[PDB]
Amino acid sequence: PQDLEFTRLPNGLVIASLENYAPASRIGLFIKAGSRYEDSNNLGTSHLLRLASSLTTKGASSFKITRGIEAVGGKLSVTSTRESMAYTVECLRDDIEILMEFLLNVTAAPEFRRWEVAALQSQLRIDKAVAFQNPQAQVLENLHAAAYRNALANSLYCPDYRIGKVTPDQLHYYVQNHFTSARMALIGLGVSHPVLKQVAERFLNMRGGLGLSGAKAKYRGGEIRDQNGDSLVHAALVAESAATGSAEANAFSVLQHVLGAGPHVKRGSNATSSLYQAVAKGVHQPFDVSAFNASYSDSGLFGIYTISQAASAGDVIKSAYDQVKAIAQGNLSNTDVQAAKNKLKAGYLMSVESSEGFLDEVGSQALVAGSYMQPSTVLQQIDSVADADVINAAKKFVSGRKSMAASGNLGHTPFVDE
Amino acid sequence: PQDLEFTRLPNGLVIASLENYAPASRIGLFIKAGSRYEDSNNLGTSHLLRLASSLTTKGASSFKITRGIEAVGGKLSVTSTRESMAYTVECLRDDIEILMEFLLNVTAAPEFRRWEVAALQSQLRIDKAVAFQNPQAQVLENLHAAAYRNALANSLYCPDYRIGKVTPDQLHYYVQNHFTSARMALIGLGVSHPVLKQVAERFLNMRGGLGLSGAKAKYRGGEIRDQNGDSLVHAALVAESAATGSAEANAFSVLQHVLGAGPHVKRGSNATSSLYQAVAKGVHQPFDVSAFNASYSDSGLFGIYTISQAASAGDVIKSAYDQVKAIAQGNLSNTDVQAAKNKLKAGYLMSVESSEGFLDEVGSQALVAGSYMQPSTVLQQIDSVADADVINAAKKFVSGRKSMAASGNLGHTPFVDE
Amino acid sequence: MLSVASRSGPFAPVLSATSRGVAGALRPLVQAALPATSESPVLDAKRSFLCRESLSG
Amino acid sequence: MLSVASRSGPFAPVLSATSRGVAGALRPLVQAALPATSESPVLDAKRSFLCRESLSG
């Protein structure tokens with residue numbers, strides 16, 4: 001009941017609230033910011049901004065933010081993509097008014113004092129080295145730099161030469177030009193709709209419109225190879241597909257689940273994954289394979305991801321790429337399309353069960369499209385995808401210009417023109 | 001007088017000696033080794049081998065090599081390219097017999113003891129960081145990795161992940177397969193020809209033939225961009241040209257001096273350099289520009305090298321590339337060809353004046369061609385280059401597939417397909 | 001229309017005030033772990049991975 | 001026929017026993033130095049560049 005209350009303010013702000021009768025509450029502020037909006041002179045400003053949510057503001061010192069949130073048992077977290085940032089606050093139902101006041105001081109009136117920003121520069125080195133213990137993280141940052149010339153090629157983490165040199169004037173300039181009311185959405189989960197609104201009329205004195213247009217992303221068909229001492233080879237091979245919110249984007253989502261997008265059974269052999277079965281015919285050694293799908297506001301990437309041993313890496317990539325070529329020339333059953341629509345339908349409804357997944361789902365719809373759609377509407381758009389559109393999305397990949405990133409012992413890994 | 005005495009041994013070794021009547025002597029051993037002969041599992045073995053000439057051998061300890069050479073005032077140095085290594089010894093005329101014995105213990109019977117090799121691993125980090133204070137050094141190592149897939153793409157310095165992990169068994173295997181008598185040449189400068197020969201019959205018990213064929217180098221038209229915090233942008237743009245020792249290689253050497261290959265007058269404005277004059281018409285800020293020429297045994301590279309500021313880097317590269325296009329469509333005077341043949345003739349005779357340059361010149365001719373040619377023959381091959389061959393070498397560059405490497409603030413540097 | 005986490009694959013980092021930093025969604029994707037010898041190494045700046053985020057209370 | 005230093009441009013490192021390490025031949029190529037403000041920075045592992053190799057005796 002009380003499904004959602006959706007409201008546009010006259011300054012462009014989006015407010016959405018659903019009244020649960022749950023003992024906990026959740027407030028999230030979603031902003032069009034992140035690493036795609038920085039240029040070559042301020043690379044890494046949005047990574048330092050992500051790490052600076054506890055610093056001194058105009059309404060509360062850094063001591064009062066840490067002590068005041070911990071005194072009631074609450075949390076404060078920041079999450080970022082290449083296209084958005086999100087500030088989240090959670091506590092129990094009777095404490096939500098005083099944590100809403102802390103969230104507005106962090107995002108609408110920060111101070112970046114010299115000695116606090118200088119003491120935080122060494123946290124960039126700790127945060128990046130923790131994330132790069134996963135070999136997937138640096139392969140996916142090399143893949144965006146190989147695929148684009150600008151504006152989606154920027155990394156989520158600060159470059160190494162730049163650690164120590166992010167200035168307070170750069171942080172003030174980034175928030176002034178990107179944290180504006182026509183780029184923001186405020187989503188509540190256990191609060192009524194009148195309470196969020198008079199909260200929202202306490203950040204409109206500045207930040208009245210749109211701040212700075214970003215550059216449109218231009219596709220580059222590049223290649224980056226990284227020889228190191230890891231024991232397995234990670235490789236990715238993509239082409240340009242489609243932006244989010246189109247009819248062709250739905251056909252690439254179905255094509256991902258035809259090929260295989262992760263396992264369903266613990267320690268299972270992936271019997272319905274056509275990519276996994278084609279590789280395992282000729283390879284008799286430990287591997288993994290998956291279909292990759294990344295969709296953004298003006299572009300997208302689709303391809304394959306393999307993890308293999310060094311001597312077997314060329315055999316894994318060639319047999320995975322040949323299976324996509326069979327679908328593009330018409331080999332596709334309607335039984336496999338219907339089974340793929342079931343995994344895509346069930347995965348969307350399961351990702352919205354918790355309060356964490358439901359709040360992120362409303363926040364992305366408010367920034368990208370500016371409205372909310374029921375999951376019954378989303379389930380009918382997946383039903384309208386035909387078998388001719390799945391074959392046509394696999395033909396765009398096969399004839400498109402490729403990008404590649406690899407890492408490990410690369411003595412048997414093929415080059416992107418071979 | 002006594003120009004050179006040239007001799008092939010029945011095991012394949014080349015011996016050359018010229019009798020000066022100079023108070024100093026010089027002995028050099030030249031070997032077909034270096035970084036092009038290593039594969040993906042032993043990268044950096046030839047850099048550590050270059051740094052290990054003072055270690056304990058079977059005939060002399062590491063104490064006796066340092067003390068015994070310093071007691072007479074002599075020197076011992078190693079120099080390397082991608083295709084060769086050279087071991088050089090110099091002292092006065094009466095001390096040359098006991099330093100010839102130290103040179104044969106280093107190259108023909110080394111020991112690689114565990115504790116000495118382990119203590120030398122930290123010298124790889126010091127030697128690489130000293131060399132990389134020049135921005136030209138890392139740009140030229142990225143350029144060979146962008147241009148080739150193998151066998152000339154290997155760096156002269158050890159990769160960072162590999163420092164600490166070069167083993168004594170790898171050093172024993174490299175010398176066993178690459179330091180053989182049919183790949184070696186022994187050149188003397190103040191010693192008679194009978195003395196070098198019985199020196200040479202004390203390393204033939206092992207190393208009897210050819211050790212291991214290297215892979216032929218395959219051209220890759222890649223691109224590597226390196227954003228950092230340097231104040232100027234270094235860029236290079238090349239294409240594949242010609243191997244050393246061909247008639248087309250002489251036409252690219254003349255074309256380099258038509259375009260411009262370094263300055264002749266101290267603080268001069270480079271009045272005869274057609275590349276420098278074309279860039280300086282539209283650019284009114286500090287820059288530098290040059291023609292690049294690298295020739296190897298089975299391949300070669302030719303192109304342009306620019307140093308510029310960050311905001312002006314696209315204007316410098318486009319105007320330099322347009323000047324080469326005018327030569328390729330026939331705009332070439334015979335006055336400019338004759339002036340370029342004079343700089344190429346005078347530079348070859350000046351590079352052979354000293355004992356250091358004369359010994360390196362005889363050593364390269366002995367490994368590449370297996371004979372010696374008088375400089376009167378070299379000066380007549382430059383005279384036979386016609387004006388039609390200089391235009392045809394500039395057409396091979398313009399229509400060929402490019403490679404690129406850049407470093408600095410790359411926000412205005414063009415991509416290789418643009 | 002939707003998130004980048006719905007059409008899974010592009011990754012996301014988080015920072016908390018009282019919880020640990022997380023990277024991505026499908027980066028530790030599995031049945032590379034049922035195939036043998038996938039070891040997570042010992043770290044020098046090591047972290048807690050369950051990180052209180054699924055605690056029973 | 002000839003060296004890589006004759007057709008100038010591909011570079012070479014050296015190691016000595018009693019002298020300093022040198023990189024390349026035409027890497028510090030000049031009239032980038034007559035155009036203004038080409039500074040060689042202060043180093044942390046700094047070296048002597050003339051390195052006795054041209055001493056008067």
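Residues numbered from 1 in each chain as written, not as in the entry; some residues may be left out. Chains lettered and ligands numbered in written order. Part of a larger assembly, values for the part shown. Heavy atoms only, no water. Residues with missing side-chain atoms left out of burial classes, pairs and counts.

This entry lists cryo-EM as its structure determination method and reports a resolution of 2.37 Å.

Going by the annotation in the PDB entry, the name recorded for chain C is Cytochrome b-c1 complex subunit Rieske, mitochondrial, with Sus scrofa given as the source organism. This entry carries the title "Cryo-EM structure of pyraclostrobin-bound porcine bc1 complex".

For clarity, the threshold we go by: UniProt positions are given in the numbering used here, feature names are shortened, and annotations may be inferred rather than shown by experiment.
Under the annotation held in the PDB entry, chain A carries the name Cytochrome b-c1 complex subunit 2, mitochondrial and is attributed to Sus scrofa. On record in UniProt, under Subcellular location (unreviewed entry), the comment for chain A is "Mitochondrion inner membrane".

## With respect to the overall build of chain C
Let me state the cut-off plainly: A run of H or I in DSSP counts as a helix once it spans at least four residues, and a run of E counts as a strand once it spans at least two, with each numbered from the N terminus. For a compact globule the rule gives 2.2 Å times the number of residues to the power 0.38, and the radius of gyration it is set against comes from C-alpha atoms. Think of it in three bands: residues with accessible area under 20% of the maximum for their type are buried, residues over 50% are exposed, and the middle band is partly exposed, with areas taken using a 1.4 Å probe on protein chains only. Each accessible area is a Shrake-Rupley estimate made with a 1.4 Å probe; only the visible protein chains count as cover when residues are assessed.
The number of helices and strands found in chain C is 0 helices and 1 strand. Here the C-alpha radius of gyration of chain C, 14 Å, is well above what a compact globule of 57 residues would show, namely 10 Å. Its C-alpha atoms give chain C principal-axis dimensions of roughly 40 × 35 × 25 Å. Expressed as a percentage of its 57 residues, the buried residues of chain C come to 33%. Only carbon and sulfur atoms are counted for the fraction: they give 55% of the accessible area of chain C, which is about 3600 Å².

## Considering the overall build of chain A
The secondary structure content of chain A amounts to 15 helices and 11 strands. By the compact-globule yardstick of 22 Å for 418 residues, chain A fits well, its C-alpha radius of gyration being 23 Å. Seen through its C-alpha atoms, chain A measures out along the principal axes to roughly 65 × 50 × 40 Å.

## Things to note about the side chain of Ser403(B)
The condition that has to hold: Polar contacts, as used here, are pairs of N or O atoms within 3.5 Å; protein pairs need one atom able to donate a hydrogen and one able to accept it. Residues neighboring in sequence count only if both atoms are side-chain atoms.
Within the element layout of this structure, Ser403(B) appears in strand β11 (residues 403–408). Here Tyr219(B) takes part through its side chain, which lies 3.0 Å from a polar atom of the side chain of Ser403(B).

## With respect to the interface of chain D and chain B
Our working rule: Should any heavy atoms of two residues lie within 4.5 Å, those residues are considered in contact. Two parts placed together each lose some accessible area under a 1.4 Å probe, and the buried area is that loss summed for both. We define a salt bridge as a contact between a side-chain nitrogen of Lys or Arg and a carboxyl oxygen of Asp or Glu at a distance within 4 Å.
With 32 residues of chain D in contact, the opposing surface of chain B contributes 53 residues. Here chain D packs against chain B, burying approximately 3800 Å² in sum over the two surfaces, 58% of which is carbon and sulfur. Taken as a group, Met1(D), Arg7(D) and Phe11(D) account for 23% of the area that chain D buries against chain B, more than any other trio of residues on that side. The tally of links from chain D across to chain B stands at 0 salt bridges. Taken together, chain D and chain B are joined by 12 residue pairs in polar contact.

## A look at helix α8 (residues 193–200) of chain B
Along an α-helix, residues three or four apart share an orientation, since each turn contains 3.6 residues. All names here are of chain B. Inclusion rule: Note that the arc is defined by the directions from the helix axis to the C-beta atoms.
Looking at α8, one finds that the buried residues are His193, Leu196, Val199 and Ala200. Take α8 and look down its axis: the buried residues cluster within an arc of 125 degrees, on one side only. Exposed residues on α8 whose side chains face more than 90 degrees from its buried face are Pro194 and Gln198. Check the buried side of α8 and you find it contacts β1 (5–8), β2 (14–17), β3 (24–31), α3 (96–108) and β6 (184–188).

## Notes on the arrangement of the chains
Spatially, chain A is disjoint from chain D: no contact exists, and the shortest C-alpha separation is 16 Å. Chain C shows no contact with chain D. Their nearest C-alpha atoms sit 26 Å apart.

## Topic: the side chain of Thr7(B)
Residue and element names in this part refer to chain B. Looking at the secondary structure, you find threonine 7 in strand β1. Of the polar contacts made by the side chain of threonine 7, one reaches the side chain of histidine 193; its length is 3.2 Å. Apart from the residues lying within four places of it in its own chain, the contact partners of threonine 7 are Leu13, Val14, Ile15, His193 and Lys197.

## Thoughts on the packing of helix α10 (residues 274–282) of chain A against helix α11 (residues 313–328) of chain A
Residue and element names in this part refer to chain A. For the record, the criterion: Each axis is a line fitted through C-alpha atoms, taken for helices only over the stretch in contact, and angles between the N-to-C directions span 0 to 180 degrees. Here is the rule for angles: anything less than 35 degrees is roughly parallel, anything more than 145 is roughly antiparallel, 65 through 115 is roughly perpendicular, and the remaining ranges are oblique. With the far helix as reference, a near helix turned anticlockwise by less than a right angle produces a left-handed crossing, and one turned clockwise produces a right-handed crossing. When residues are grouped by polarity, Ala, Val, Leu, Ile, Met, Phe, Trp, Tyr, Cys and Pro land in nonpolar, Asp, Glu, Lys and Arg in charged, and all others, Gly among them, in polar.
Two elements in contact, α10 and α11, have axes separated by 9 Å at closest approach and are oriented at 135 degrees. Put simply, α10 runs oblique to α11. For the pair α10 and α11, the sense of crossing is right-handed. Residue-level contacts link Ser274, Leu275, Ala278 and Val279 of α10 to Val316, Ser319, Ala320 and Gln323 of α11. Here the contact of α10 with α11 is composed, by residue class, of 5 nonpolar, 3 polar and no charged.

## With respect to the interface of chain C and chain A
Cut-off, in case you're wondering: Pairing between strands requires that DSSP locate at least two bridges from one strand to the other.
Facing the 32 residues of chain C at the interface are 52 residues of chain A. A buried area of about 3800 Å², summed over both sides, lies between chain C and chain A, and 58% of it is on carbon and sulfur atoms. Area buried by chain C at its contact with chain A is led by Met1(C), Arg7(C) and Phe11(C), which between them contribute 23% of it. Counting across the chain C and chain A interface gives 0 salt bridges. Along the contact surface separating chain C from chain A lie 13 residue pairs in polar contact. Of the residues assigned to the side of chain C that touches chain A, the class counts are 20 nonpolar, 8 polar and 4 charged. As defined by bridge partners, strand β4 (residues 75–80) of chain A adjoins strand β1 (residues 14–16) of chain C across 3 bridges and the pair is classed as antiparallel.

## Side note on the packing of aromatic side chains
Stated precisely, the cut-off is as follows: Pairing of aromatic side chains requires ring centres within 6.5 Å, counting the rings of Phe and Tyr and the six-membered ring of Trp. Pairs whose planes differ by under 30 degrees are stacked, by over 60 edge-to-face, and all others tilted. Ring-over charges, as used throughout, are those where CZ of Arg or NZ of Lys falls within 6 Å of the ring centre and within 35 degrees of the ring normal.
Scanning the model with the defined rule gives 14 aromatic pairs over all chains in all. A ring pair is formed by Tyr148(B) and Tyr219(B), whose centres lie 6.4 Å apart and whose planes are at 90 degrees; its orientation type is edge-to-face. In this pair, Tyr148(B) sits in the loop between α6 (135–147) and α7 (168–178) while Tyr219(B) sits in the loop between α8 and β7 (223–227), placing the two residues 71 residues apart along the sequence. Considered together, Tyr148(B) and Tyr219(B) belong to a single accessibility category, that of buried residues. Within the aromatic cluster, the residues linked to one another by ring pairs are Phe252(A), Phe302(A), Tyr321(A) and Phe397(A). Note that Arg183(A) overlies the ring of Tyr37(A), its terminal NZ or CZ placed 4.8 Å from the centroid. The side chain of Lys402(B) reaches across the aromatic face of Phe397(B), ending 5.2 Å from its centre.

## Considering the pattern of salt bridges
Per the stated rule, a full pass over the model turns up 20 salt bridges over all chains. Between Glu111(A) and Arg113(A) there is a salt bridge whose closest N-O contact spans 3.5 Å. Taking the relative accessible area as the measure of exposure, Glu111(A) reaches 23% and is therefore partly exposed. Judged by relative accessible area, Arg113(A) falls into the partly exposed class, the value being 35%. In this structure, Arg113(B) engages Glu116(B) in a salt bridge whose closest nitrogen and oxygen atoms are separated by 3.9 Å. Using a relative accessible area of 17% as the deciding quantity, one classes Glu116(B) as buried.

## Overview of unusual backbone geometry
Positive phi outside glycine occurs at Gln31(C), with the angle close to 60 degrees. Within the element layout of this structure, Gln31(C) appears in the segment after β1. At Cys51(D), a position not held by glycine, the phi torsion is positive, near 55 degrees. Here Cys51(D) lies in the segment after β1 (14–16).

## Description of the sheet that holds β1(B)
Here 7 strands make up an open sheet; going across it, the order is β1(B)-β2(B)-β6(B)-β3(B)-β5(B)-β4(B)-β1(D) and the pairing mixed. Both edges of this open sheet fall to β1 of chain B together with β1 of chain D, since each of them pairs with a single strand only. For this sheet, the mean angle separating the axes of adjacent strands, direction not counted, is 15 degrees. As judged from the 6 bridges shared by strand β4 (residues 75–80) of chain B and strand β5 (residues 85–92) of chain B, these two strands associate in the antiparallel manner. Considered in β5(B), the bridge of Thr79(B) is made with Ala86(B). On top of the sheet, α3(B) reaches β3, β4 and β5 of chain B; it is set at about 160 degrees to β5(B), its chief contact.

## As for the environment of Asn250(B)
With respect to the helices, strands and loops of the structure, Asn250(B) is situated in helix α9 (residues 247–259). On the accessibility criterion, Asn250(B) (15% relative accessible area) is buried. Among residues more than four places away in sequence, those in contact with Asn250(B) are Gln381(B), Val385(B) and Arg7(D). Side chain to side chain, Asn250(B) and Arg7(D) meet in a polar contact 3.4 Å long.

## Quick look at the environment of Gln381(A)
Residue placement: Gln381(A) occurs in helix α14 (residues 375–383). Residue classification places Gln381(A) among the partly exposed positions, given a relative accessible area of 24%. Not counting residues up to four positions away in its chain, the partners in contact with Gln381(A) are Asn250(A) and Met1(C).

## Description of the pairing of β3(B)
All names here are of chain B. Buried residues dominate β3, accounting for 7 of its 8 residues. For β3 and β5, the ladder comprises 8 bridges, and the chain directions are antiparallel. Note that in β5 the partner of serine 25 across the bridge is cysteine 91. Bridge count for β3 against β6 is 5 bridges, and the pairing is antiparallel.

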